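Below, chains carry the letters A, B, ... as their sequence lines are ordered, and counting in each starts from 1. Both backbone and side-chain heavy atoms feed into the values below; hydrogens, waters and symmetry mates do not.
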Amino acid sequence: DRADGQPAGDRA
Amino acid sequence: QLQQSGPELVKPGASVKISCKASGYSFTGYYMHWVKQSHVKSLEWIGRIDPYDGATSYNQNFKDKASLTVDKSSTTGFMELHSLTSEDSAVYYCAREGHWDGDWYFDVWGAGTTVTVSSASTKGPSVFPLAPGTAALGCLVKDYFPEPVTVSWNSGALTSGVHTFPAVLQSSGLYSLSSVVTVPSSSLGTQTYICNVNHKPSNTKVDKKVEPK
Amino acid sequence: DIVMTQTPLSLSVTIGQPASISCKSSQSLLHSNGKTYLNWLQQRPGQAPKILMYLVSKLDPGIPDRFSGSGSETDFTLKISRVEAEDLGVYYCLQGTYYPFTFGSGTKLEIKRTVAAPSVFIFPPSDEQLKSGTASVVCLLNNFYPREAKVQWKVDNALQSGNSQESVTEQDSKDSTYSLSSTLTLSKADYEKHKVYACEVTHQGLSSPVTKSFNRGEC
């Protein structure tokens, strides 16, 4: 499984 | 969970790399983020790294100041700060963005790494006894640089009644603090009291037995 | 970047009373995907921040049920139904909707409790320290409230001024009291020219001032 996170962590 | 490296004394203009060792979970399944705490009530998100492929995302305020890497073999994350100024002295945290029941949030934090940007040299403290129904005894931890110093009593077995005061600055520019403990007066003479002082920047580890004079 | 504004920036509460902290964001934190990424964090003295709840009001397991959050769009509130002594510290809101993550300036939560008088101790300088050229005399005030205290040093009855330094602990997370150290710093020669060293403590919890003293060289 791959990491995910809250959207404020990525410019997209 | 997350174990960060020890405090750093860094010259202005030099760079520093601090680390965060992960254990007990799948290192490559979770983002590692870094956070700056500059004053008692100031938190800034620096950026994050995907430990699986090393992909990074920076707060634009830090894209030149900080570089994030990982070492997959040793499941360790790193943040390097470049060209330090006094504005970079702060406590820096690593945090894991974990997930519970489909949602993600910062669910694990390291204890923080204190970085002090300074032209001055490191100095270990000298440790002097504060000799004693309640009695008080303690240790005076004097003339060290930089922060921090940690103090424990009897190797961590004595915790109740302990007060380790915040460091104050002396006219010499060096820090000083005291750690005290209140104990039953009836235990002075049968119970040994030792303050264990550790100032990692100078490799100073002192154990001082405190007894009535 | 989203500006997070917290209200108030500091508040004191009696153990058992409710507490509320407000957070206002410069833009609605409602993401296009339907979720509202508002987080509340607590930072106790000396420790790392810790998530209390995420997505506005979803509590991290292990956080006591007395914590709850609400709000939407641009206005959010953190509430503690009944404050406990361990709730002291700094509280932050954190938005995770718009890159980059931004925190608010923390709100400091202090505990109000009843007056408590300090117990006072005085420590002479050690001989080891006197072997170098300096003498430090330490006065300890233990487990008192409120924080305000007057500690005066008298050497052979002469009030000292400008040669002492104080340090105060953070509020204790168990009994909500403070402790205080006052250090009188003298050259070895000045220390050896006098006999009686005393710290005199004035405090709301003391009906009249308390003095602890020693005679130099009388164990």
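- Around NZ of C:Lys154, the count of heavy atoms belonging to other residues, nucleotides or ligands within 6.0 Å does not exceed 12.
- In the model, C:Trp153 has a side-chain atom that pairs as donor or acceptor with a side-chain atom of C:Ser182 under 3.5 Å.
- To the nearest 0.5 angstrom, B:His163 atom NE2 is 7.0 Å from B:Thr182 atom OG1.
- A donor-acceptor contact shorter than 3.5 Å is absent between the side chain of C:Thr183 and the backbone of C:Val138.
- Between C:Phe103 and C:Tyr92, the ring planes are perpendicular. Angles over 60° get that label, and only those under 30° would be called parallel.
- You'll find the side chain of B:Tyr31 reaches within 4.5 Å of the side chain of B:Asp50, heavy atoms only.
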Output, in order, the C-alpha distance, side-chain angles, deciding distance and verdict of side chain to side chain contact (heavy atoms under 4.5 Å, CB included) for B:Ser57 and C:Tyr99.
CA-CA 10 Å; B:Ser57 171; C:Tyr99 160 84; 4.2 Å; yes

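- Panel note: side chain A:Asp10, backbone A:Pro7; no donor-acceptor pair is recorded below 3.5 Å.
- B:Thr204 is linked by a side chain to side chain contact (heavy atoms under 4.5 Å, CB included) to B:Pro125, B:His199, B:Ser202, B:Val206, counting only residues two or more places apart in sequence or in another chain.
- With values rounded to the nearest 0.5 angstrom, B:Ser152 atom OG is found 3.5 Å from B:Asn196 atom CG.
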C:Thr36 and C:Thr97: side chain to side chain contact (heavy atoms under 4.5 Å, CB included), yes or no, with the steps?
CA-CA 7 Å; C:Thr36 301; C:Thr97 295; 5.6 Å; no

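- Put simply, the side chain of C:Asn143 reaches to within 4.5 Å of the side chain of C:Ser179, judged on heavy atoms.
- Summarising the local packing, CD of C:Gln204 is surrounded by 12 or fewer heavy atoms from other residues, nucleotides or ligands at distances under 6.0 Å.
- Considering all non-hydrogen atoms of both residues, B:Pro148 and B:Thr114 come closest at CD-CB, 4.3 Å.
- Although no hydrogens or angles enter the test, the distance criterion places a donor-acceptor pair under 3.5 Å between the side chain of C:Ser167 and the main chain of B:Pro166.
- B:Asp103 has its side chain within reach of C:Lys58: a pair of non-hydrogen atoms, C-beta onward, lies under 4.5 Å apart.
- No more than 12 heavy atoms of other residues, nucleotides or ligands lie within 6.0 Å of NZ in B:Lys63, so this atom counts as exposed by the packing criterion.
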Side chain to side chain contact (heavy atoms under 4.5 Å, CB included), that's the test. Do B:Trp34 and B:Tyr93 meet it? Break it down for me.
CA-CA 6 Å; B:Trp34 293 82; B:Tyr93 296 102; over 6 Å; no

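- Between the side chains of B:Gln170 and B:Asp143, a donor-acceptor pair is found at a separation under 3.5 Å.
- Residue pairs meeting the ring-ring contact (aromatic ring centres under 6.0 Å, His included) criterion with at least one partner in residues 125-152 of chain C, sequence neighbours excluded, are C:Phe144-C:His203.
- Rounded to the nearest 0.5 angstrom, B:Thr122 OG1 and B:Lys200 NZ are separated by 15.5 Å.
- Ring centroids of C:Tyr191 and C:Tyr197 are separated by less than 6.0 Å, placing the two rings close together.
- Of the possible donor and acceptor atoms, one in the side chain of C:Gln160 sits under 3.5 Å from a partner among the backbone N and O of C:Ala158.
- If you check the side chains of C:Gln95 and C:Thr102, you find a donor sitting under 3.5 Å from an acceptor.
- Looking at C:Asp87, its side chain does come within 3.5 Å of a backbone N or O of C:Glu84 through a donor-acceptor pair.
- Checking side-chain atoms of B:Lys21 against main-chain N and O of B:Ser74 turns up a donor-acceptor pair under 3.5 Å.
- The two residues B:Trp104 and A:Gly5 make their nearest non-hydrogen contact at CB-CA, 3.9 Å.
- Within the 4.5 Å cutoff, the side chain of C:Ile21 has no heavy atoms near those of the C:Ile80 side chain.
- B:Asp53 and A:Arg2 are joined by a salt bridge, as a carboxylate oxygen and a charged side-chain nitrogen come within less than 4.0 angstrom of each other.
- Judged by the 6.0 Å distance and 45° axis criteria, B:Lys17 is positioned over the aromatic ring of B:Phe78.
- Taking the ring centroids of B:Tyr105 and B:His99, they lie at or beyond the 6.0 Å cut-off.
- Between C:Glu110 and C:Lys112 no salt bridge is recorded (no basic side-chain N to carboxylate O distance below 4.0 Å).
- For the pair B:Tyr52 (side chain) and A:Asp1 (backbone), a donor-acceptor distance under 3.5 Å is absent.
- Using the six-membered ring where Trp is involved, B:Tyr30 and B:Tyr25 have ring planes that are perpendicular, over 60° apart on the 30 and 60° scheme.
- Side-chain atoms of C:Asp175 and C:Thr177 include a donor-acceptor pair closer than 3.5 Å.
- Contact annotation: the side chain of B:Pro12 never approaches that of B:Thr85 to less than 4.5 Å [non-hydrogen atoms, C-beta and beyond].
- For C:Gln129, the side-chain hydrogen bond (donor to acceptor under 3.5 Å, both in side chains) partners are C:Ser136, not counting sequence neighbours.
- Between B:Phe106 and C:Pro49 the shortest side-chain heavy-atom distance does not fall below 4.5 Å.
- Side-chain contact annotation: C:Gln6 with C:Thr107, donor-acceptor N/O pair under 3.5 Å present.
- In this structure, B:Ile49 CD1 and B:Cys20 SG are separated by 11.5 Å, a value rounded to the nearest 0.5 Å.
- Contact of the B:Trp109 side chain with the C:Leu41 side chain is registered, since non-hydrogen atoms from C-beta on lie closer than 4.5 Å.
- Side-chain contact between B:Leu84 and B:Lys65 is present, with at least one heavy-atom pair separated by less than 4.5 Å.
- For B:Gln60 and C:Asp1, the side-chain atoms include no donor-acceptor pair closer than 3.5 Å.
- Counting only distance, with no hydrogens or angles, the side chain of B:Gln4 and the backbone of B:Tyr92 share a donor-acceptor pair below 3.5 Å.
- B:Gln37 and C:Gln43 share a side-chain donor-acceptor pair at under 3.5 Å.
- Checking B:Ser67 against B:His82 by side-chain atom types alone, a donor-acceptor pair falls below 3.5 Å.
- Residues C:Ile111 and C:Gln171 approach most closely at O-NE2, 2.8 Å, considering heavy atoms.
- Looking only at distances, no side-chain donor or acceptor of B:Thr76 sits under 3.5 Å from a matching main-chain atom of B:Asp71.
- Without hydrogens or angle criteria, B:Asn154 side chain to B:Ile194 main chain gives a donor-acceptor distance under 3.5 Å.
- Nearest heavy atom pair, residue C:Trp40 against residue C:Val56, reads CD1-O, 4.2 Å.
- Counting all heavy atoms, side chain and backbone alike, B:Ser179 lies closest to B:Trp153 at OG-NE1, 2.9 Å.
- Checked by atom type, the side-chain pair C:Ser22/C:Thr7 shows no donor-acceptor distance below 3.5 Å.
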Could you give me the CA-CA distance, side-chain angles and deciding distance for C:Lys108 and C:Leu88, then say whether side chain to side chain contact (heavy atoms under 4.5 Å, CB included) is met?
CA-CA 8 Å; C:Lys108 190 187 183 171; C:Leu88 87 83; over 6 Å; no

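- Here C:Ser187 contributes atom OG and C:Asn163 contributes atom CG; the two are 10.5 Å apart, rounded to the nearest 0.5 Å.
- Shown here for C:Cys139 and C:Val120, the closest heavy-atom pair between the two residues is SG-CG1, 3.8 Å.
- With no hydrogens or angles considered, a side-chain donor-acceptor pair links C:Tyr91 and C:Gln42 at under 3.5 Å.
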